[PDB]
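Residues per chain, in single letters:
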Amino acid sequence: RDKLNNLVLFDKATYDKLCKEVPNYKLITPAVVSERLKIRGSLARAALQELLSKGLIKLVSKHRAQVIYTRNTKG
Amino acid sequence: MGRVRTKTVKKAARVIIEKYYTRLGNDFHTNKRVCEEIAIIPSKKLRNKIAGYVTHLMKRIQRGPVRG
Amino acid sequence: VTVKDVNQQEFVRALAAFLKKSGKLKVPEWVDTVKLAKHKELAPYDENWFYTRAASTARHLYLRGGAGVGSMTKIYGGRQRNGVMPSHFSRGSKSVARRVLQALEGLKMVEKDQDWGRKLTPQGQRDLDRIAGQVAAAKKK
Amino acid sequence: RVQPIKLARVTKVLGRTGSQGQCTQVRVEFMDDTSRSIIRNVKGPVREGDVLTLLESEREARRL
Amino acid sequence: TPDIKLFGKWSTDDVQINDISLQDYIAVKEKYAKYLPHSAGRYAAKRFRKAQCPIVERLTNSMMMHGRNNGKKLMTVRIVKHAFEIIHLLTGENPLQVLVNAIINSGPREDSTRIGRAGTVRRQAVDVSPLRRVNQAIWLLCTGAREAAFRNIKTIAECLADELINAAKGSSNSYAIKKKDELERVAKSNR
Amino acid sequence: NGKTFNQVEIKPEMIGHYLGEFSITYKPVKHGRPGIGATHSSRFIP
Amino acid sequence: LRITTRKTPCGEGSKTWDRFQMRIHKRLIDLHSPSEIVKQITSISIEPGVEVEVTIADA
Amino acid sequence: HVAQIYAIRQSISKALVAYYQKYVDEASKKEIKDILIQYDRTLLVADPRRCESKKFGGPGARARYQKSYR
Amino acid sequence: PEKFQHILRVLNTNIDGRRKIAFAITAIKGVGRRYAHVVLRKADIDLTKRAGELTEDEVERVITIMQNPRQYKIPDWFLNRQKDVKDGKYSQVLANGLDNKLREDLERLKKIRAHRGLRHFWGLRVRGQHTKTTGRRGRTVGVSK
RNA sequence: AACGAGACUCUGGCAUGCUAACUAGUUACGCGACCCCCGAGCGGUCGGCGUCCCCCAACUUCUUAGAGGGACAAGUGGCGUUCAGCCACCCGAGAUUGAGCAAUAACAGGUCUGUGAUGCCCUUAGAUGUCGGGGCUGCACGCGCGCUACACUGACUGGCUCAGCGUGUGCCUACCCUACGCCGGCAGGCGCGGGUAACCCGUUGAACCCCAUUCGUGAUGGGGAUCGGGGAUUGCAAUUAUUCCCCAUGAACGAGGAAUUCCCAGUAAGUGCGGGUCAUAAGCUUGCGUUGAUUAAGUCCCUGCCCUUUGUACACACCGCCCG
């Protein structure tokens, strides 16, 4: 085992980066938010649900055990 | 695979061709029904074998003479 | 439409909500202390589990010939992890299902009919197929 | 080595060798020269007419 | 399209095998394209019979291993539908051409074996069948995603699609293209 | 017990229990010094 | 009827068993006619050890 | 859940055929036969494979209990 | 958001604000996960957020609803202890009192000196279990000369 | 010429051919009843959904079990002495689906604790032949067969949806399987009814699987050992906890050395169920379904076995014999 740092709620830099990482990244899953930031992972699940209501991300597929989200579906 | 014919087949096959040479065709099914009438073979699977060898012999007997 | 046509995952999630609006279902006091079956290790997350289960009760009666408190439990039962011992099947609670079916019968969406089992009232059968088309109206079947 | 990647195809299978039958002798045609042929040892299950990917044809088989 | 199945959305046309060596054991589109990878359960009763069945199905078969996952072929197909989806968003290709490169780049060119002399280990270099290459390459990359997701927050779908990228474009960040070159490095030595 | 009558006084603090919990029927145990075949080594003599 | 039991008394040696089976057969012919001539003709003309059970009515 | 799916497919394939075999001519259904049997997957045929009977000394029909020499 | 507080101390055990409310509370002895999902609902608060997001007003109510469970209508059967024995009531025991209570019942069963206390004092299994192949701490045994 | 092999018996796989069925179904209406316009139309009717109604209806595809047929290396192409056979292919169920039965001769193998089978010896009233209690479960240790685990291909909580081999009171001496109604969180209690069983339980409304929430890489909510208190059931009796249930307690264990077992197609592995023992009780054994891979189409390297040739100081047979 190991020790990895995580945060269960946001602070400034995480939240502000969260809005601007979106157009920079084509793939968006909660797992990828775990590594690029230090985020719990369950935090990232609900964080993406918020963004989809704004239309800053787009759903592309959904399942019980895995969920995919994309940038804006533009090209 | 395997399934090399036993002596019980080869003994009676020769006999049945000698004394009922005329009745034979060269088809499987006709040669079966003849063996069923000119003799009784007490199994069904055994009958399907003895016919097939009787057929296979009758092919060669229409060439040069068999030595058995 | 008949209830056969539609998805059934969708069916219950609109039927559960329907009942709770209309003041229907007089619920037992015990609903926040209830494991809900012998083979569970926890209470449900849900806080309106009673409403959800009454949906699934009335649906099965539409399909099959209707049966009592015993049979409902057998339909719901699942696997029991006995720890170090190998898992086996077992049946869940009874006294919950005995409150469910009597609560439905108070609304006269079911009734004790002949041949050893409650059967769903024509008023009940009307209400099922009424909201069955509401499902198709909603999304689009 | 400094030879580029060669391609050569089976003409015939000869028989199996090794100390558990794990190697297979095979004859192969060079696929650029139709009168050239070398014998090889090939590990995997082969049929006939399939193509291999030799790194050299300096090597040649003679025994198990 | 109306006479030949896609994959449920993914064309099997504009898909090539870019070797002449490894085709006729890689095929996916001659008529072998189907809506789903599944069989009635005929796959082997002859040595040649193995080859015929699709590459995409073979991948699904070798994905379920190690005890708890055996006999759960439907769960396995969930991982594959996400894989192609992730591969297409992530790089943007016909996501089968990714897989075909990933298989061809992971198959060994030469291999070693054992030979008994003097009661001591000696090794001999030998060649490898095209059918061996395909079987090996399917094995190797599936071990990668299985290994990575054994304590990672990442799901196996994500891990597997990453593993086909690094195989399809060699970069030695995969479990496959590493392990390929290990074998060939041995085969040079004892030869 | 099996042979022996172990006597006991009855307390008011023992109520609910049985009689047989206050008289044992085996020697607690001591050891030991492992014996011969007490393992995959014991064997041979001639 | 299945009986699956040891082939070895006082178990020793390689563990073996033995399947025995009995196959019963039932079949019934329904008649509708006067009960006299039935009970007359039925009980006679039976050579083997085969059982028969007459019923007054069932339908 | 699984084997039912193959059963309903196998029946509807043959059902369609039989309707043409009885009320329409040969050349209609001969065509349809060539199409299905091309990607045969047990649409017009049936597996003969069913479970084999277990014998003692194993938990399966082939697999055996462990054997110890010491 | 919600940066207000994190790790805190409550009665007898330190409880983190890192974890969800119910699961956080379980660390305190005499409270399992099953016991906590009840007590939160009697308190009529969310269990869908972290323990660091509770206020002081709220957690003050929690311990009251916990330590008088009969008076907030949690059933008697759902408690740790029903008629302790020689105390005469239904009771619910929590962290540091649990150990004190536990040590008494050990002492009691050596006071009377039943079979129980002897097995306890000897360090052997209380319940019907074989000890022939069960245990080991020990195994170094030799016999040769 | 004979025994074994094979032949044989059982089982699986092929029948819209044959035989016939309210203790098995299907279809067809006759329908009348319920339901929603859900589609054309209006709600009727036509179509769709199941149930009651079903017959003096029609049929036997499905289910059931009987009589029969079918596969033979049969046909074709290679190969073989062109013999015996072998390889590929068409048709198609390919010449191997799995079991039962099994020779000569032998073993100082197991069983006097299956036997009112049995020799001889012993014991036989202070009995080795009956009641009460205790023990076969006692632990510093060594080994074998297994079960459950070490998580995210997961756990947890809801929702959906599929099966088969069987078995059951009227028996042993007191006992079965359970529907339905009522009461209880649960274990369970209580009131009624059916079943001699293709008739009643049971259209066996099973698990894995499937669909949606929650947890987040943390010895964690993974794991459930240890242990405290309380409630039920069986029995004449439950203590060294018979079994079952509720709350609490929360350990080792984070993929395993030297070694080693088993397996080739509905097979391995995962997963549940019935029977056996049973007053109460399977982590065992014996069968059955369900989901269902990877790898091989070989070889004598290891281990071992069959046949020939050869050597031998061996025949209690190399686990032999024999020297200082």
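Residues numbered from 1 in each chain as written, not as in the entry; some residues may be left out. Chains lettered and ligands numbered in written order. Part of a larger assembly, values for the part shown. Heavy atoms only, no water.

Going by the header, the method for this PDB entry is cryo-EM, and the resolution given is 3.6 Å.

S.K.: What am I meant to see in the arrangement of the chains here?
M.R.: For the 7 pairs of chains in contact, the maximum contact count is reached by chains D and E. Of all C-alpha pairs spanning chain C and chain F, none lies closer than 30 Å, and the two are not in contact. (Contact = heavy atoms within 4.5 Å.)

S.K.: I'm lost on the sheet that holds strand β2 (residues 58-62) of chain A in this one. Help?
M.R.: Neighbouring strands of a sheet are bound in pairs by backbone hydrogen bonds; such pairs are parallel or else antiparallel. Residue and element names in this part refer to chain A. The strand order β1-β3-β2 describes an open sheet built from 3 strands, whose pairing is antiparallel. What marks the edges here is a single partner per strand, and that holds for β1 (27-28) and β2. Here β2 runs beside strand β3 (residues 67-70); their pairing, made up of 4 bridges, is antiparallel. By the bridge assignment, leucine 59 is partnered in β3 with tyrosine 69. (Pairing = 2+ DSSP bridges. Helix = DSSP H or I, 4+ residues; strand = E, 2+ residues; numbered from the N terminus.)

S.K.: Honestly, unusual backbone geometry in this entry has me stumped. Any pointers?
M.R.: Outside of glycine, negative phi angles account for most residues, and trans bonds account for most peptide bonds. The amide bond that connects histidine 31 of chain F to the next residue, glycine 32 of chain F, takes the cis arrangement and shows omega of 0°. Positive phi is not limited to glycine here, since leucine 36 of chain C has a value of about 100°. Along the polypeptide, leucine 36 of chain C turns up in the loop between α1 (8-21) and α2 (49-63). The phi torsion at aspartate 44 of chain I lies on the positive side, around 60°, for a residue other than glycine. Here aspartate 44 of chain I lies in the loop between α2 (33-42) and α3 (56-67).

S.K.: What is the right way to look at a positive patch on the surface in this model?
M.R.: There is a patch of like positive charges on the surface, built from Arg6 and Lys15 of chain G together with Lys54, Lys55 and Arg64 of chain H. Residue position: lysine 55 of chain H is located in the segment after α2 (26-38). Classification of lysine 55 of chain H as partly exposed rests on a relative accessible area of 49%. (Patch = residues over 30% accessible without salt bridge, like charges linked within 9 Å, V, L, I, M, F, W, Y side chains within 5 Å. Areas by Shrake-Rupley, 256 points an atom, 1.4 Å probe, with all protein chains shown as cover. Salt bridge = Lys/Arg side-chain N within 4 Å of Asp/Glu carboxyl O. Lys, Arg positive; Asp, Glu negative; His and termini not counted. Charge placed at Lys NZ, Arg CZ, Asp CG, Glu CD. Buried < 20%, exposed > 50% of the residue type's maximum accessible area, 1.4 Å probe, protein only.)

S.K.: Teacher, can you tell me more about the pairing of strand β3 (residues 110-113) of chain C here?
M.R.: The side chains of a regular strand alternate, residue by residue, between the two faces of the sheet. Residues and elements named next belong to chain C. Pairing analysis gives 4 bridges linking β3 to strand β4 (residues 117-120), with the strands arranged antiparallel. Within the sheet, the bridge partner assigned to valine 110 lies in β4 and is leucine 120. Hairpin connection, β3 to β4: the antiparallel pair is bridged by 3 residues, and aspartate 115 has positive phi, about 75°.

S.K.: What's the story with the interface of chain E and chain H in this structure? I'm lost.
M.R.: When the parts come together, some accessible area is lost, and that loss is often what is quoted as the size of the interface. At the junction of the two partners, chain E supplies 11 residues and chain H supplies 9 residues. Across the interface of chain E and chain H, roughly 830 Å² is buried in total on both sides, 49% from carbon and sulfur atoms. Three residues, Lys34, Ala40 and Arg42 of chain E, lead the burial of chain E against chain H; their summed loss comes to 50% of the area buried on that side. Across the chain E-chain H interface, the total number found is 0 salt bridges. Its residues assigned to classes, the side of chain E that touches chain H shows 4 nonpolar, 3 polar and 4 charged. (Buried area = accessible area lost by both parts, 1.4 Å probe. Nonpolar A, V, L, I, M, F, W, Y, C, P; charged D, E, K, R; others polar.)

S.K.: What is the right way to read the nonpolar core from this model?
M.R.: Taken as a class, soluble globular proteins show a tendency for nonpolar side chains to be buried jointly. Ranked by size, the top nonpolar core spans 40 residues in total, and within it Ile26, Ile55, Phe84, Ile103, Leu141, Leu160 and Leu164 of chain E carry the most contacts. Listing elements by their share of this core, those giving two or more residues are α2 (55-61), α3 (73-90), α4 (95-104), α5 (130-148), α6 (156-168) and α7 (175-189) of chain E. When sequence neighbours within four positions are dropped, the list of residues in contact with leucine 164 of chain E reads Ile87, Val98, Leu99, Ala102 and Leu141 of chain E. One finds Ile21, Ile28, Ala43 and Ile74 of chain I within the second-largest nonpolar core, a separate group that totals 26 residues. (Core = buried A, V, L, I, M, F, W, Y, C linked by side-chain atoms within 4.5 Å.)

S.K.: Explain the sheet that holds strand β1 (residues 8-17) of chain D here, please?
M.R.: All names here are of chain D. Reading across the sheet, the 4 strands line up as β3-β2-β1-β4 and stay open at both edges, with antiparallel pairing between neighbours. Two strands in the sheet have a free side with no partner beyond their single neighbour: β3 (37-42) and β4 (51-52). Bridge count between β1 and strand β2 (residues 23-29): 7 bridges; the pairing is antiparallel. In the strand pairing of β2, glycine 15 is matched with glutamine 25.

S.K.: Even after reading the chapter, I still don't get the protein's contact with RNA strand J, so can you show me in this structure?
M.R.: Taken together, 217 residues lie near RNA strand J, and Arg40 of chain A together with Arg137, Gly138, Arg139 and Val141 of chain I sit nearest. Restricting the count to atoms of RNA strand J within 4 Å of the protein gives a sugar and phosphate share of 72%. Between RNA strand J and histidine 31 of chain F there is a distance of 3.1 Å, counted from a base nitrogen to a side-chain nitrogen or oxygen. At 3.0 Å from a phosphate oxygen of RNA strand J is found a side-chain nitrogen or oxygen belonging to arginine 34 of chain I. Tallying contributions element by element places helix α3 (residues 45-61) of chain B first for the surface near RNA strand J, with 8 residues. Grouping the amino acids of the surface near RNA strand J by side-chain chemistry returns 62 nonpolar, 70 polar and 85 charged. (Near = heavy atom within 4 Å. Polar contact = N/O pair within 3.5 Å; in protein donor to acceptor, adjacent residues only side chain to side chain.)

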